[PDB]
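Reading through the structure tokens given below for one structure.
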Ligand SMILES: [Ca+2]
Ligand SMILES: [Zn+2]
Ligand SMILES: [Zn+2]
Ligand SMILES: [Zn+2]
Ligand SMILES: [Zn+2]
Ligand SMILES: [Zn+2]
Ligand SMILES: [Zn+2]
Ligand SMILES: [Zn+2]
């Protein structure tokens, strides 16, 4: 409960509450121009209620050739659980993973320093996270090397030719798609997971039969554990450890790996 952690938001969770398409907070939006420095604009989703305190934030990058619309459903789904969610566009649709990581950080720096005051008054600027799809997921890994003070990283069906992530010390949850032919889990997602420190709080979830664009379509299996990961590590909320440890056994999951307990 709140006596043990000033960052806990929302009622005590259940499997139903993390599977729900909306959490307990209502959500408002705010668009950001592509002339924002260091990235290509995007959309900020944020909780409306301020009665429980300020919130952490996650920047969300799209993949190669893609734009923020490929990631829009995370906005209200995750922000309603008590997060500021920033779906961003890249400088160009052909930007590479390192560039996407710089742009995730530029977008977080926008929230902390330049965002509308309705957003800033609800933001804990010290509790920030990254998430992204395909090359944006490669950028998620990149961003945590660039900024080790981030609190969580969620690479979704990630793409990156750089396979070695032993320097990463931000808790990282990689989601792979079993049938991914664009970023095969055997050469992208799983080598990334295996190269993260064995001492790091980390997880890998492989979605049975799923393809590369599974993260661009509302997916309860993705959503429930993205929410649980962000709760546990951006809010330090150990009420969500119950869903992450022991490993999820959802029928939709082909394989799950972790450094549980955490
Ligand atoms: Ca710009
Ligand atoms: Zn508590
Ligand atoms: Zn309330
Ligand atoms: Zn909406
Ligand atoms: Zn790179
Ligand atoms: Zn590297
Ligand atoms: Zn597999
Ligand atoms: Zn399968």
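Residue by residue through segment 67-77, note down the ones that are farther than 20 Å from residue 19 by Cα and touching a helix residue (DSSP H, G or I) at 6+ places or on another chain (Cβ under 8 Å). It would help to see each step written out before you state the result.
Going through segment 67-77, the residues farther than 20 Å from residue 19 by Cα turn out to be 67-70.
Within segment 67-77, just 70 meets the criteria.
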### Task
Considering each residue of segment 181-209, count those that are away from ligand 5 (no atom under 16 Å from the Cβ) and touching a helix residue (DSSP H, G or I) at 6+ places or on another chain (Cβ under 8 Å), and give that number.
7
### Query
Is there a residue in segment 150-159 that is over 25 Å from residue 16 (Cβ atoms), more than 16 Å from ligand 8 (Cβ to nearest atom) and more than 16 Å from the chain's Cα centre (by Cα)?
no
### Query
Which condition number does residue 217 fail, the rest of (1) closer than 24 Å to residue 166 by Cβ; (2) touching a residue at least 24 places away in the same chain (Cβ under 8 Å); (3) more than 15 Å from ligand 8 (Cβ to nearest atom) being met?
(1)
### Task
Consider only pairs whose beta carbons are under 7 Å apart and that are at least six residues apart or on different chains; among these, list those whose first residue lies in segment 92-115 and is closer than 13 Å to residue 147 by Cβ and whose second residue is within 15 Å of ligand 6 (Cβ to nearest atom) and assigned to a loop (DSSP other than H, G, I, E, B).
105/147
### Tally of residues being within 16 Å of ligand 1 (Cβ to nearest atom) and over 15 Å from the mean Cα position of the chain (by Cα) across segment 44-89
2
### Query
If the Cβ limit is 9 Å and pairs must be 6+ apart or interchain, which residue in segment 1-19 that is over 14 Å from residue 56 (Cα atoms) pairs with which residue that is within 16 Å of ligand 6 (Cβ to nearest atom) and in a loop (DSSP other than H, G, I, E, B)?
none
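Taking the options 61, 79, 36, 20, name whichever one is surrounded by 20 or more Cβ atoms within 10 Å (Cβ to Cβ) and away from ligand 3 (no atom under 16 Å from the Cβ). Spell out how you get there, then give the answer.
Numbers: 79 fails: away from ligand 3 (no atom under 16 Å from the Cβ); 36 fails: surrounded by 20 or more Cβ atoms within 10 Å (Cβ to Cβ); 20 fails: surrounded by 20 or more Cβ atoms within 10 Å (Cβ to Cβ).
That would be 61, the only listed residue that is surrounded by 20 or more Cβ atoms within 10 Å (Cβ to Cβ) and away from ligand 3 (no atom under 16 Å from the Cβ).
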### Query
Just a yes or no: is a residue in segment 143-165 surrounded by 24 or more Cβ atoms within 10 Å (Cβ to Cβ) and part of a helix (DSSP H, G or I)?
yes
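Condition test on residue 181, is it surrounded by fewer than 22 Cβ atoms within 10 Å (Cβ to Cβ) and on the phi < 0 side of the Ramachandran plot?
On the way: surrounded by fewer than 22 Cβ atoms within 10 Å (Cβ to Cβ): yes; on the phi < 0 side of the Ramachandran plot: yes.
Taking the combined requirement at face value, the residue satisfies it.
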### Query
Within segment 220-238, can one find any residue that is surrounded by fewer than 22 Cβ atoms within 10 Å (Cβ to Cβ), away from ligand 1 (no atom under 16 Å from the Cβ), free of Cβ contacts under 8 Å to residues at least 40 places away in the same chain and more than 15 Å from the chain's Cα centre (by Cα)?
no
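With respect to residue 127, determine if the residue is touching a residue at least 60 places away in the same chain (Cβ under 8 Å), more than 16 Å from ligand 1 (Cβ to nearest atom) and part of a strand (DSSP E or B). Walk me through how you get there before you give the answer.
Details: touching a residue at least 60 places away in the same chain (Cβ under 8 Å): yes; more than 16 Å from ligand 1 (Cβ to nearest atom): yes; part of a strand (DSSP E or B): yes.
Answer is yes for this residue.
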### Message
Can you list residue pairs whose Cβ atoms sit under 6 Å apart, with the first residue in segment 193-213 being farther than 19 Å from residue 161 by Cα and the second being assigned to a helix (DSSP H, G or I) and more than 16 Å from ligand 5 (Cβ to nearest atom)? Count only pairs 6 or more apart in sequence or on different chains.
### Response
207/214
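Read-outs: derived from the displayed coordinates by stated rules, not from any lab. Cβ: placed from backbone, ideal geometry, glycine included. Neighbour counts: every protein chain shown.
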